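Chemist: Here's a sequence, model it:
(2 chains)
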Amino acid sequence: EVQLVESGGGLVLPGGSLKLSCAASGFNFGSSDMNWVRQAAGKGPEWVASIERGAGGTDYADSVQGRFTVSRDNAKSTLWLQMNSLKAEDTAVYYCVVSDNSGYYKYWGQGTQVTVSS
Amino acid sequence: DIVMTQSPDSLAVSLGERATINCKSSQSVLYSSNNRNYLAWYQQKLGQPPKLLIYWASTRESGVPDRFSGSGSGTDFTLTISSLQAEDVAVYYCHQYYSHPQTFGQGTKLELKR
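Modeler: Numbering: from 1, shown residues only, chains lettered A, B, ... in the order given. Find the structure here:
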């Protein structure tokens, strides 16, 4: 019954910005820790950002810190990822993920492709 | 950072065979406070997102058949499929969630062998 629907992927020039959304339903979003995890073609998943349940509190992979911002609105049951200063190496499918409070990833969305290219 | 290393990179298996795949973490993921390994396995079927199979190294997630099992502790982990079904052809990943950054292996491709 858990639904996680990402949107907003597209083409970005290097240096550009893009905002991803994740619409969540079928569970108590506000009491869930949420994450962005990306996966480049032929590679394993890479954790990008976390935001704690309730009122939030964030963490980032070192290589995105200062460029990317994760945010949430519990009433809207929506997670966002604002990506700035994008580079080619950020090209990937980006997934919205619900984590158990221990940290394992219980539910993943279908993903949205981000393409960063000149 | 904890680094996760999987082996083999690929394995070709025929229907009904036993298949074993391995994952090593560069540091132990056993938490002394609860005696749990912070180790998960995911299955990624073609064109789909990853799906949770196993957490705490050996606990099967709901909706996962008994032919899947996880074992190991500390740094050394295994995923076993006791009888490969066609639907089990997929890429399998291990994941440590002991400490940030959470990290993944590079996957093992389980391919169908005629």
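
Chemist: what about the residue in chain B that chain A sits nearest to, how many neighbours?
Modeler: Closest contact between chain B and chain A, by CB to the nearest CB, is at residue B:97 (3.2 Å). Where C-beta positions appear, they are placed from N, C-alpha and C, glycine not excepted. For residue B:97, the count of nearby residues is 21 (other CB atoms under 10 Å in any protein chain shown).

Chemist: quick one: contacts for the spatially closest residue to it that is not a sequence neighbour?
Modeler: Residue nearest to residue B:97 in three dimensions, not counting chain neighbours: residue A:103, with 3.2 Å by CB to CB, 6 or more residues apart in numbering or on different chains. Counting by CB atoms under 8 Å, 6 or more residues apart in numbering or on different chains, residue A:103 touches B:38, B:97, B:98, B:102.

Chemist: Let's see that with 7 Å instead.
Modeler: Each residue near residue A:103 by CB atoms under 7 Å, 6 or more residues apart in numbering or on different chains is listed here: B:38, B:97, B:102.

Chemist: which residue is nearest the middle of chain B?
Modeler: What sits nearest the mean C-alpha location of chain B, by CA atoms, centre = their mean, is residue B:41, with 3.5 Å.

Chemist: Report the buried residues of the host helix or strand of that residue.
Modeler: For residue B:41, the host element (DSSP states H and E) is strand B:39-44. Within strand B:39-44, the residues scored as buried using 16 or more other CB atoms under 10 Å in any protein chain shown are B:39, B:40, B:41, B:42, B:43, B:44.

Chemist: got the residues of chain B near chain A?
Modeler: With CB under 7 Å from any CB of the partner chain as the criterion, chain B meets chain A at residues B:38, B:40, B:49-50, B:52, B:55, B:93, B:97, B:100-102, B:104-107.

Chemist: Select from those the one having the most neighbours.
Modeler: residue B:40 (29 neighbours).
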